[PDB]
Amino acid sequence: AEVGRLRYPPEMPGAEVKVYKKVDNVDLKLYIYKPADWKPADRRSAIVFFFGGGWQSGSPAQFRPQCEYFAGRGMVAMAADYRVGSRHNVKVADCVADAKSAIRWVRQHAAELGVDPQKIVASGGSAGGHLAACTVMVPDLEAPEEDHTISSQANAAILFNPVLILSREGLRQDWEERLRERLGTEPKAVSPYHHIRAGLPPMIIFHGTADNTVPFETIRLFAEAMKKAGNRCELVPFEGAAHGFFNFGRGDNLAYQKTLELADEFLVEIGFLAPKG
């Protein structure tokens, strides 16, 4: 409910604003939080958050608290706007292009951001978690006006109850034709589950076991298949928790603090953050 009441466009107090993409006459912005000791020639890890909202609505404000946390830990932390259905009359494949554009932009501009271009983390909640997952493992579906010599692939992912299975193949023609028109492409082309293979970037996933929007079982299957392929895919179930459980301002912030603690340790584990101390 509280995520639902967030402002668009957000204020994002303390963020620097950068336009990463111009498309359909809209400027898509990154809201960039730097650590207090940031200096130009730093080579920090970065994290880019994608808000949730069913590819229909939402706001970068959702992930403001997370950005401030990760900035305080030494990362360049940012929340990306991306086109959605209610504002821009786009479909999911467009959202995926925008997410990929954001990662590509951060990598392209890593030097001036004070960022290591091979320590860029994608993150998001629900539909934004799907987008993050697409930046790590789904091939680019389009070549927008951007630097095609720079990869769009994130180096790690941190997902908060993501959608990861968008096709029914390998689990009814009309439903896949239905999905094709909703998604703007063949459903498998924006289905992370359908692109599981060896040699993918590491990730951590936080998911409630009582999630009635994205069933936990889809995430368990994803994670099990990822481990079978030799990938580091850490799945943290939150027993009895519902969709959106991880958000700032939810359930006395307990699950908010817990997800951040475990996300932080994962980033230490993969060498993206120094140990606390």
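Numbers for residues come from their place in the sequence shown, where the first is 1.
Where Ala143 is followed by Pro144 in the displayed chain, the model omits none of the deposited residues that would sit between the two. Annotation for 39 to 47 versus 22 to 30: the higher mean temperature factor (C-alpha) is found in 22 to 30.
When the two stretches 258 to 266 and 5 to 13 are set side by side, the higher mean Cα temperature factor goes to 5 to 13. Across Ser123, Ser86, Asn155, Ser191, the greatest Cα temperature factor reported in the deposited entry is at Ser86.
Of all the options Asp81, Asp174, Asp94, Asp116, the entry's greatest CA B-factor is assigned to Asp174. Placement of the Cα temperature factor of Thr213 within the chain: highest third of the modelled residues, per the deposited record.
Per the deposited record, the Cα B-factor of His195 falls in the middle third when ranked against the other modelled residues of its chain. When the modelled residues of the chain are ordered by their C-alpha B factor, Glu181 lands in the highest third.
When all modelled residues of the chain are sorted by CA temperature factor, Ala241 is found within the middle third.
When the CA B factors of the chain's modelled residues are split into thirds, the value for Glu112 lands in the middle one.
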